[PDB]
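# Reading the structure
Residue-level listing of the chains:
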Amino acid sequence: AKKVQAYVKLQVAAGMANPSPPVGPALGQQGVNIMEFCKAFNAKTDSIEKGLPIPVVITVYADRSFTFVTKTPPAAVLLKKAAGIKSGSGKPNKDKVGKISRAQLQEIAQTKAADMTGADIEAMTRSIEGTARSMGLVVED
Amino acid sequence: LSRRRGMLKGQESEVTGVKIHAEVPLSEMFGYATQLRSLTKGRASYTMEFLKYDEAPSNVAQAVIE
Amino acid sequence: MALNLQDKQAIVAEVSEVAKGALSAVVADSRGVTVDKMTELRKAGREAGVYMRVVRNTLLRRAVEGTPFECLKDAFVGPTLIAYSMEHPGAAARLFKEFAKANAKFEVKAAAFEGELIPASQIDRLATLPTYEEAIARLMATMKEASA
Amino acid sequence: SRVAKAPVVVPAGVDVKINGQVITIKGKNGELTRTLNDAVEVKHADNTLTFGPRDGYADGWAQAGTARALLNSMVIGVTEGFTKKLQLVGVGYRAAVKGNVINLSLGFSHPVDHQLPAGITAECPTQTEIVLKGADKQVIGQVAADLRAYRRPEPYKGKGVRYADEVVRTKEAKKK
Amino acid sequence: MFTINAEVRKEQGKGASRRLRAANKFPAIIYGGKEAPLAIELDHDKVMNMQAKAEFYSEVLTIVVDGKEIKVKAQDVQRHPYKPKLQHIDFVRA
Amino acid sequence: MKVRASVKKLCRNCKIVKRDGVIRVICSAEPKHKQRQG
RNA sequence: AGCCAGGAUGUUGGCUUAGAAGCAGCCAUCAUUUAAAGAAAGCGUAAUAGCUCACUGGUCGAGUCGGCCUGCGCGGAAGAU
Ligand SMILES: [Mg+2]
Ligand SMILES: [Mg+2]
Ligand SMILES: [Zn+2]
């Protein structure tokens, strides 16, 4: 990327990208090919896993068709189906409700290795600290 | 919509326009069409039907006096 | 900023790189974006990690405050904006190479590459390097000489 | 201070001609011109002019500072000459130049016809552009202003005589 | 560390005291020990700056009256009713 | 322009000037902040 | 002080909202990558986008920032033959 022009990003779902009220039409509208979001999308989607959030960019100008750019998963959401609670609080942050794992955060953050700056790959865990102190949740470290 | 004492509840993003969803009191939507037109250069449908009865703000209530 | 003490550190840490180093190269980052640094750190990354630097300092007042030590070829390098790159382990390596190739991808100027020390002098891209361990380019020299 | 204290280069092509309080400056263009100073004291010699306070003036320095600054710009004028540039925006906003008078059409029920002064000349790259070079800095300023005045840029569609190095804020139309 | 130069007061009384304060000085007194109390006149701004540091009140401090070095601890301070100024200081003799 | 007895700065872009005897406030961002009679 | 550059990655922090993505609100404010870059001081967006500041590297080349005690002044200040 040496010339940004259009990078709309509103996370989607792997098993079936083909919505309508949330995104649907407007997820590829202004010179974009709506059809291609099942031919090219799922060409790197099911490569991994199906069901959960997936941010994304495309590279279409006014060139009709296009190639679909894969992306990372968010690093704080990996504190739900790979951790515990799925909301975030319930009880106002006057009291620190949640609860965290020290084992996890390493390899399960490591999953996001190719989207981070920390040279040391254990540093990258140190980043998931506050990101997973999302409520003030401390780890039985 | 907000100015009309109105409550919002969604935005979809319908293709080319943007469906905007709101619950707003009847006694406030009168002559809506005319200003909606002014705000949107004349391109903006809208539609309404009855939904519910909610508390009228005090100033409203005490005014509504027969 | 910080007071004296912290400049000294900016020196002693920097000048024990030179005192225990390998290769040296330049660059003027007028336009040096952050995608810029990000990348060359993955390059310091392949080129170990944090074995390398680029501590922008070209205040003569700083990264010349390590020069009348070694590499007084840099009283001349230290004017205007400059990004001094030190090598610790590694061959007198590639560091050199992608500096030209990088800045040869627009990636801002390279000070025309005012160049650096291994010998004691100036400019010119050399891949006289990471061939290094191309003692295989002295292994193909055994049987080919032995046969032919 | 600073501006006063700093000196000023006189690049080959300038004559320069101080007499009492009356500097003068010709060049490749450069309609000469001669200003006056006061509580300031100028000094010739050198390839430079140097300005400083004159004894017994609380205004000195503060005054000396402007003196330098003015002189400086004269030379600059007499060298490269000064720029300008205003562009018209809005339907039917033409501009002409009929010699040393600029013919503008700015949505009025009459013609404007603005007559340029002395040391300024102007030309029209487009019907929708004007440029005037000249010696005296302060004057091209003046002219640029008055020319802008016939229709200062309005904030709803930015219509009118702009500056180019402008900003023209502009703002969204009321909710009717 | 605080060294407080000082001069013996030639005049006592509200009249003198008032005149003092106008000329950026101010009266003080040293007492304690077995030897008599001394009427002092210190410079306001010097001491005014000093008393800003909390040590002034805790550390032991030394006063130089006609070059004698009396060395005392601050017993009490009279501050102005509403200005950032000093009126009077009591010094107890260690 | 507001003509208040107190003038003061309102934005970090508002500058305060003294032309003639008058104390003014100039704001490069917001025309609503122009002021006289300070 | 000007002027040249950067002003970043986890990431839209969590909660809360129709929407709160540095920036309406509640709570916390860490970790990185570094020359330096706030879970952001302001402008801006329906929310994003976008423009700055803080901070840092460059240029410049000798002073410079704001409080304290004070003297004299400026505005605030419109009337009837
Ligand atoms: Mg009396
Ligand atoms: Mg009067
Ligand atoms: Zn303002």
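Its PDB header names X-ray crystallography as the technique used to obtain the model and reports a resolution of 2.9 Å.

Each partner contributes to the interface: chain A provides five residues, whereas chain B provides four residues. A combined buried area of about 370 Å² lies between chain A and chain B, and 48% of that area is made up of carbon and sulfur atoms. If you sort the residues of chain A by the area they bury against chain B, A:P21, A:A26 and A:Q29 come out on top, with a joint share of 73%. Joining chain A to chain B, the criterion identifies one residue pair in polar contact. Per-class residue counts for the side of chain A that touches chain B are four nonpolar, one polar and no charged.

Residue and element names in this part refer to chain E. Read from one edge of the open sheet, six strands run β4-β1-β3-β2-β6-β5, paired in mixed fashion. Either end of the sheet is taken by a strand with one partner, and the two such strands are β4 (62-65) and β5 (72-79). Shown here is a sheet whose adjacent strand axes are inclined to one another by a mean of 35 degrees, direction ignored. Of the strands in this sheet, β2 (25-32), β3 (38-43) and β6 (86-93) are in contact with helix α1 (residues 14-22), which crosses β2 at around 120 degrees.

On to the side chain of E:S17, then. Along the chain, E:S17 turns up in helix α1. Apart from the residues lying within four places of it in its own chain, the contact partners of E:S17 are E:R9 and E:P27.

On to the pattern of salt bridges, then. In this structure the tally under the stated criterion is 12 salt bridges over all chains. The partner of D:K133 in a salt bridge is D:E123, with the nearest N and O atoms 3.6 Å apart. Pair noted here: D:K133 is in strand β8 (residues 129-134) and D:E123 is in strand β7 (residues 120-123), with a separation of 10 residues, a long-range link. Judged by relative accessible area, which is 39%, D:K133 ranks as partly exposed. E:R93 is the salt-bridge partner of E:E35, the closest N and O atoms lying 3.0 Å from each other.

All names here are of chain F. The coordination sphere of the zinc ion (ligand 3), as far as protein atoms go, consists of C11 (SG), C14 (SG), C27 (SG) and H33 (ND1), spread over 1.8 to 2.4 Å. Around the zinc ion (ligand 3) sit four donor atoms; with metal-centred angles ranging over 52 to 163 degrees, the donor geometry is irregular. Going along the chain, you hit the donors of the zinc ion (ligand 3) in the pattern C-x2-C-x12-C-x5-H. Of this pair, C14 sits in the segment before β1 (17-19) while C27 is found in the segment after β2 (22-24), placing the two residues 13 residues apart along the sequence. Across the pair, exposure class does not vary: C14 and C27 are buried alike.

Residue and element names in this part refer to chain D. With respect to the secondary-structure elements, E154 resides in the loop between α3 (137-149) and β9 (160-161). Note on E154: relative accessible area 25%, which makes it partly exposed. On a C-alpha basis, the gap between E154 and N100 in space is 28 Å, while along the polypeptide they are 54 residues apart.

All names here are of chain D. Burial along strand β4 (residues 86-89) is one-sided: the residues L86 and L88 are buried and none of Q87 and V89 is. Note: β4 against β8, two bridges, orientation antiparallel. When the bridges of β8 are listed, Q87 appears paired with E129. Here two bridges tie β4 to β9, and the two strands are oriented antiparallel to one another. Residue pairing for β9: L88 is matched across the bridge by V161.

What counts and what doesn't
- Residues numbered from 1 in each chain as written, not as in the entry; some residues may be left out.
- Chains lettered and ligands numbered in written order.
- Part of a larger assembly, values for the part shown.
- Heavy atoms only, no water.
- Contact = heavy atoms within 4.5 Å.
- Buried area = accessible area lost by both parts, 1.4 Å probe.
- Polar contact = N/O pair within 3.5 Å; in protein donor to acceptor, adjacent residues only side chain to side chain.
- Nonpolar A, V, L, I, M, F, W, Y, C, P; charged D, E, K, R; others polar.
- Pairing = 2+ DSSP bridges.
- Helix = DSSP H or I, 4+ residues; strand = E, 2+ residues; numbered from the N terminus.
- Axes fitted to C-alpha atoms, helices over the stretch in contact; angles between N-to-C directions.
- Salt bridge = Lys/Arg side-chain N within 4 Å of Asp/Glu carboxyl O.
- Buried < 20%, exposed > 50% of the residue type's maximum accessible area, 1.4 Å probe, protein only.
- Donors = N, O, S within 2.8 Å, 3.2 Å for Na, K, Ca; no water.
- Tetrahedral: all angles 85-135°; square planar, octahedral: opposite > 155°, others 65-115°.

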